[PDB]
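The primary structure of each chain is shown beneath.
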Amino acid sequence: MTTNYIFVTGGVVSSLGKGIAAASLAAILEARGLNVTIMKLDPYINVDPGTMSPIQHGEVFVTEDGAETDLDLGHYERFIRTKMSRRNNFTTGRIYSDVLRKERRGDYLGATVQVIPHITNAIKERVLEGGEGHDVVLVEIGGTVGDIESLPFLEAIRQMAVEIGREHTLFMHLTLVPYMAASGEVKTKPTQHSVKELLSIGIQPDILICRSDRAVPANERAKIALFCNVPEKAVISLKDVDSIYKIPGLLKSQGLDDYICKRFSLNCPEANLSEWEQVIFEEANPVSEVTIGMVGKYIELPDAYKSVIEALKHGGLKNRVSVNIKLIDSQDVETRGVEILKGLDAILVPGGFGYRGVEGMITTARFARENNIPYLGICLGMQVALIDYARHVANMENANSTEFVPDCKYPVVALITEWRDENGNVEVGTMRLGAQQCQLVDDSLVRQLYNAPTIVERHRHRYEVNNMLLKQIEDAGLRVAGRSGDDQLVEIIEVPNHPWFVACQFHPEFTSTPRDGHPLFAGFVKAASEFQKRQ
Amino acid sequence: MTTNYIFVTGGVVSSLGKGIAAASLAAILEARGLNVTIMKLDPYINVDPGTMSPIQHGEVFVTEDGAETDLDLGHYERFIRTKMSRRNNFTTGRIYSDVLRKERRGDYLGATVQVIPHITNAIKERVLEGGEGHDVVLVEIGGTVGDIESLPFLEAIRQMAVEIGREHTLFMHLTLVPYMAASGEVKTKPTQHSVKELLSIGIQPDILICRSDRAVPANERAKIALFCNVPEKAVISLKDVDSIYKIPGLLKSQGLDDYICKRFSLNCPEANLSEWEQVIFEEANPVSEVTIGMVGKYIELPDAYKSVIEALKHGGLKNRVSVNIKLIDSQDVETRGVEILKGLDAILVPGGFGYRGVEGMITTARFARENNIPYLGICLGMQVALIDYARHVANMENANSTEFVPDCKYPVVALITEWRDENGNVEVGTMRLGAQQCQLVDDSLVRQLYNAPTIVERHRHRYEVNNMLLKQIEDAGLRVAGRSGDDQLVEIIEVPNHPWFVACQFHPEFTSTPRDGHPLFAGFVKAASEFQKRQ
Amino acid sequence: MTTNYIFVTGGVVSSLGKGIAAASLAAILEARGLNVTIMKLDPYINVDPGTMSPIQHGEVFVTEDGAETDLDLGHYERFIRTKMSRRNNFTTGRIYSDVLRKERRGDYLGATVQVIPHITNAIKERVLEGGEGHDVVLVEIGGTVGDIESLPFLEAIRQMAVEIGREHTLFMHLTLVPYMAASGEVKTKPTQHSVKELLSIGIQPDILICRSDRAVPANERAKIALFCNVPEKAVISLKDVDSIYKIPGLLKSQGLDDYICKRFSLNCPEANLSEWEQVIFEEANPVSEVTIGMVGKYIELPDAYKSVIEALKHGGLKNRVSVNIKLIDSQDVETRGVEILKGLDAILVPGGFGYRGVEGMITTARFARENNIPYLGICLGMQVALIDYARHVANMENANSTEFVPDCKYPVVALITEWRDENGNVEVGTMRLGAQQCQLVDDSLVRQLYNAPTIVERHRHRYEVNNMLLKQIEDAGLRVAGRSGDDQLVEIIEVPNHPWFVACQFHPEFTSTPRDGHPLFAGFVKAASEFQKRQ
Ligand SMILES: Nc1ccn([C@@H]2O[C@H](COP(=O)(O)OP(=O)(O)OP(=O)(O)O)[C@@H](O)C2(F)F)c(=O)n1
Ligand SMILES: Nc1ccn([C@@H]2O[C@H](COP(=O)(O)OP(=O)(O)OP(=O)(O)O)[C@@H](O)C2(F)F)c(=O)n1
Ligand SMILES: Nc1ccn([C@@H]2O[C@H](COP(=O)(O)OP(=O)(O)OP(=O)(O)O)[C@@H](O)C2(F)F)c(=O)n1
Ligand SMILES: Nc1ncnc2c1ncn2[C@@H]1O[C@H](COP(=O)(O)OP(=O)(O)O)[C@@H](O)[C@H]1O
Ligand SMILES: Nc1ncnc2c1ncn2[C@@H]1O[C@H](COP(=O)(O)OP(=O)(O)O)[C@@H](O)[C@H]1O
Ligand SMILES: Nc1ncnc2c1ncn2[C@@H]1O[C@H](COP(=O)(O)OP(=O)(O)O)[C@@H](O)[C@H]1O
Ligand code: NA
Ligand code: NA
Ligand code: NA
């Protein structure tokens, strides 16, 4: 058949939850047996978010192919089984970089290179590249209709709709319908004005998704329909929900997938949302409760840890354990000591870069190891666990990473090219990104949990365990639970004189889903439940 | 010398409280000794609110000169001591009516009559007529910037700004800065887009008033300033408040009146808000509480009783009593009996037209008279009090108004022209609107409260007390407390053998203010608390 | 003093003559003794027009510093004596290239890189770099207000106006006021709508320049003023003129420079336009007439030869000779023979790249040399003259450039790195751009005309005269009139058995002005006049 496109735009404000709405609609369509994908067009000038700081736009998501992407691709993978790659996310920066490359080396044959057709052509080419082969492609346009930054994306998708044909293309626009407490009604005026803004760029929306802190009533939806040239049945209410896993059900109950399947002439069975109903059921029927402390340096922006927070909740689902996630600043552990780590059933130290707040994480790893509090360390969380054990068990005073203290005597963490021992003796793309096969060691906690000899997890780090100093830490009782590659790089460590102490170099949070959970997070939350019971 | 204008527009949504914001700014400027006025330009086609239904439109406000005006002119008179007239409110309807009549007459000398200049000229003439002679004129533009209905007003004030000069004109634009729960941010984007919309009409705002459920922080105000060509100190936060009487102080604390006085080269002393400080104090520090039942036929829209609800609150301020106003549908009294009138410390029956729910009100007046529950009847509320006393004390079976039962035996309430006795015997402009001098009766409860032989109150009514049946009601012990005119029309009735029972034909709520209160409402709330003690 | 900025935008259509209007205003201000510069912001993605084809956007202008720029910088240098450089022209491509470079190497320190502030900051930095030091800086914004491509430039200059202050910044907007033949009036509606478009982006224009095929009358200018918030005196008529040299006078006669000097508080004497009055006088008072054939490959777009065409007219001014420039396709000379070169008083072969139409130019050079028709060859025009003489006089059959026939026996024109002789023997940044000192040979025609031993002219070429084959062409009677550099590269050749035959490698048209003329073009047109008289 001919691939169909749903272009998803946002009006009035950002932070509408456009990724989650697009992902939720994708989940309904996939549950009708359709081959569906999603792609994110970001109006940022960054060629990719690989440079970007976690405390700016949130977590840097990593795909299998090692692309550094917007955290929305995390939402996409948690809602649909279509695996994301580089071609599901691109920026204005990427588009201009490509056109500039082609221009400087004569591809345009002396032409004036213009926003139209050259920038718009490059956008359309990347949409087609990511989309063609699928039944339905959701194309999420970042930025707000009415702003400068999204205009080339909007002009590009306007052209695509005409070329491909309106039998194969739909415009789905999200707006804010805010509640005015003073008047006790939700307001359609921003929707009315946002639709006129979208039309002024050349796009008639086919479907309006109305974000509000409550259902948009029939009268307000009829008024939006009346002023926006949209059928009343294509005006959809997407209220604030306590669980994003409910959104597929809410959209399906308003016939959104039926409307799309009719417009695209797709003859497919009714969506079976049993898998989402199950996740909701699990969430609403916990048997016990745990408090897990996430001790990191980016807690001021929780979205810095989006996938980790979701992974912990998924750990809860599989154990019927309600997880109270307590975000704790590692700098507060440096200031106020281990007093603030009290009342925790488990401690997670997530990924990060830079020395700021790391000594707090090392102190935190110490506290969890000594007091037998279940511990999961991710990337930096593994480094601080290795440093902790190197210093306080293997008696390597001031043991550190070359990232933090370049000239330290015991660089137990360092770049492969920097590897040295305590006497400064040496051996005879440092950045690891995306899916890597990891060999699990027999009689390791993780080799049981994963229940396989080999696993595939995703990396985003350059600072490795120093193999030259590892043997001394192994003598002192630290277990290597996982390795990878020719250089036998350390992937997982365990402290076996402890009910549950695991730390990995990879980001297991990136392969966790609400439906399939994750062996490591399920095990971590189980251990948290067991600890809570023993108190 | 030269009259200054502040044009006040609204963006994003209506229900911003633009009239209250304008009235609040006018209160600060009046408190600096300036001669200030406010006018409301309504984009509705109704020539005036005279026809409009309370349930749909809200209360019809009446000025001294007997103009039927927008509810907002009530806010104006409650915030400043400048008296409103016909000149302070006009509609699109009034403007097109003016121009159509000039055209049909032949004033335009066979010219093509156009939105510009003819409609815009008619708007500017009415603004100048209302404004000139004042130091500062606040011109509130109804409707939302971006809608069709306000465009002629916006083009008119754009022209006025250029003609009069920008040394004497400012544009003050209200927007919504909504809060997004999921991001914990207030959003400037709607303000950004609304200012571009206002610019697209030809108006650069000078001052932005940011309505939000919370204070708009410095970063958000700075961002608005950056995108809107507005100095940061001219971006004002007008958060949701528990009392509108706080708004003058909140605007003063942000230097709004200083900015305006500087722009207009007005050298005047600092605003003395001591009277508003007293009002805010009184409201926050009630010594006792009362429940007053307002029994009417429009309670489905409380704004139908805007000035009555405010007058009750002001009654509370003067006696240091918190007033819990219970809105009771008079038809529920017809249906479920007088049981729904229990737990009331006082009963108010306000104005209204048409028979629907009136029998419930008559029964309510009976219940209040027989159980010694304090009673204030306003217009219809007086009619039902006379009808009650006529029926159940003066033994006039089925005594009614000709408005409701035209051919009733005892029309104790009827038009002056319709006046007849029980046998059908007669004596050998009916609508009363605006200020009327009323003579009070010596030793009456109202002669006391008002402390004058003559008072001025405002009428909006047609149906009078039938003087041919009055003497019979007087014999049964009803006291006439006030009269007016050559026709000796009954203005106020009292029931002696009652702690507090007053009913008046005029609307005393239209002369009540938070600062000076109202003798009648002060008396009524005083009686309500005295009753509440005796229980 | 503080540098003042005039931001010059275009509305309704492109091809308004915005460069010439900005240049003409600059000429008035310079004639008031002000230090004035102009810069062009082009919304094209090309990093520069160095790649761009002549038959797309017109001639590639070259500044002294060797920057390849928009032809508008040619207008700037012909109207003001402030010499242009790289910093007087930049593109969107250049801006994005710079921001992308900075981003990929961590200058933004993990920030999200955005159109605002990062793209707008980069634009503002380049405006300040090109402007600061001058009294008045004219900033010409390419593209049309209302289009996507100019929005970042427009947002950038909006920010600059607020930051620098409106005491130092003016917005000057050009619009089309088209004539409707059917109704016999010029139309202000496009101006009205274009101004609202500009305002919707956040810019209130201060000055409106109305382009029309006739003066915009007082009534139409008053109507524009009324609807656009612009004083009537700041609405300027810029009609179509027969000579662009008249434009400074037309703008001065409407008080435009007075208005600018008042807004910027610049106390300077009345503009003395004597130099422009002289150019106009010369143009209007020729003594004789000549027809000069320009034989090239880009004649379908005359703007491909903008500076050459102006240089020929300037040649006319200095001789009081009216020059009829006949554009002749060199491919028509290949097809139809030298029949179409009849009735020419002189022949100019301008610059170009690619073999298409070159054999026609060689044939043309032959015709001019043999029939004693005055000849000027520029760059390619010199190559074809050398080829002509090499082939038909020095008996080097099929003598050619390596650009056209790489493997030819006699590459008399070739890259320095390709230099070889007829037997394939060799010697024991190829691109030359911008100002180069050239040594003129004693007893050469050019050493007289330039009347100096050394001259500075501007290059844009890589294909040089082959020194290894030159001596043989010199033996055959060709004179080398000019050389440059260590490699003694041939800059000028002459055929001395001819009244006037000169060809240069440089682009003398780039240093020609209407006021100062050019020694070489003056001499060329003189020779054309002398030839015309001899017939
Ligand atoms: N394009 C338009 C649309 C409407 N209106 C005018 O808009 C007016 C109503 O204004 P409101 O009550 O603020 O708007 P609402 O649409 O009900 O939106 P909300 O859901 O935010 O309350 C009518 O007089 C009108 F006349 F209908 C207008 O003038 N031009
Ligand atoms: N005219 C404009 C203005 C801004 N932006 C772009 O707007 C983007 C930021 O979008 P956000 O975070 O949703 O907007 P905010 O302005 O912070 O407003 P809020 O207070 O509602 O959050 C930048 O990349 C940009 F580039 F700055 C734009 O493209 N065109
Ligand atoms: N913003 C505006 C401006 C004007 N008009 C209306 O525009 C109408 C006149 O239309 P025309 O004759 O085509 O316009 P012109 O301005 O004279 O421009 P041109 O110079 O191109 O002829 C009036 O009825 C109006 F009413 F004045 C309008 O409705 N809204
Ligand atoms: N239905 C919903 N109810 C509550 N929060 C939601 C909902 N959908 C999304 N969110 C949250 O809203 C926030 C904003 O989402 P984001 O992806 O930044 O929006 P946008 O794509 O429009 O910029 C996120 O924290 C997201 O989890
Ligand atoms: N600052 C404020 N805080 C709380 N409520 C407010 C505030 N300002 C106004 N209100 C309330 O909000 C409503 C304003 O609606 P309205 O005056 O009709 O809107 P507009 O002035 O935009 O036409 C009223 O119910 C008023 O009491
Ligand atoms: N006053 C004028 N009269 C006639 N032609 C003019 C005038 N001003 C400019 N032109 C011509 O108009 C054409 C368009 O100029 P151009 O620089 O392309 O405009 P823009 O900068 O708006 O794109 C050029 O050929 C230019 O020489
Ligand atoms: Na409404
Ligand atoms: Na923002
Ligand atoms: Na007209």
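Analysis parameters
Residues numbered from 1 in each chain as written, not as in the entry; some residues may be left out. Chains lettered and ligands numbered in written order. Part of a larger assembly, values for the part shown. Heavy atoms only, no water. Least-squares fit on C-alpha atoms. Contact = heavy atoms within 4.5 Å. Patch = residues over 30% accessible without salt bridge, like charges linked within 9 Å, V, L, I, M, F, W, Y side chains within 5 Å. Areas by Shrake-Rupley, 256 points an atom, 1.4 Å probe, with all protein chains shown as cover. Salt bridge = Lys/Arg side-chain N within 4 Å of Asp/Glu carboxyl O. Buried < 20%, exposed > 50% of the residue type's maximum accessible area, 1.4 Å probe, protein only. Buried area = accessible area lost by both parts, 1.4 Å probe. Pairing = 2+ DSSP bridges. Helix = DSSP H or I, 4+ residues; strand = E, 2+ residues; numbered from the N terminus. Axes fitted to C-alpha atoms, helices over the stretch in contact; angles between N-to-C directions.

- Method of determination, as annotated in the archive: X-ray crystallography, at 2.050 Å resolution.

### Looking at the relation of the copies chain A and chain C
Phase 1: Turning chain A through 180 degrees and shifting it by 0.0 Å along the axis lays it on chain C, with an RMSD of 0.0 Å. Taken together, the turn and the small shift mark the pair as related by a two-fold rotation axis.
Phase 2: Of the interface residues in chain A, 100% have counterparts in chain C that sit at the interface too, so the contact is made through matching surfaces.

### Some words on a nonpolar patch on the surface
Phase 1: Side chains of B:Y96, B:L100 and B:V115 sit close together on the surface and give an oily, nonpolar patch of about 260 Å² of accessible area.
Phase 2: A relative accessible area of 40% places B:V115 in the partly exposed class.

### Notes on the interface of chain A and chain B
Phase 1: With 18 residues of chain A at the interface, the matching set in chain B holds 19 residues.
Phase 2: In total, about 1,500 Å² of surface goes out of reach between chain A and chain B, with carbon and sulfur atoms giving 59% of it.
Phase 3: Broken down residue by residue, the surface that chain A buries against chain B is led by A:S15, A:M180 and A:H193, which jointly contribute 29%.
Phase 4: Applying the counting rule to chain A against chain B returns two salt bridges.
Phase 5: Measuring nitrogen to oxygen at the nearest pair gives 2.6 Å for the salt bridge that ties B:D147 to A:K189.

### Quick word on the sheet that holds strand β2 (residues 36-42) of chain C
All names here are of chain C.
Phase 1: On the basis of which strands lie adjacent, the open sheet formed by seven strands has the order β5-β2-β6-β1-β7-β10-β11 and parallel pairing. At either margin of the open sheet sits one strand with a lone partner, and together these are β5 (89-91) and β11 (235-239). Averaged over all pairs of adjacent strands, the angle between strand axes in this sheet comes to 20 degrees, irrespective of strand direction.
Phase 2: Strand direction decides the pairing type here: strand β1 (residues 4-10) and strand β7 (residues 169-176), joined by six bridges, are parallel. In the strand pairing of β7, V8 is matched with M172.

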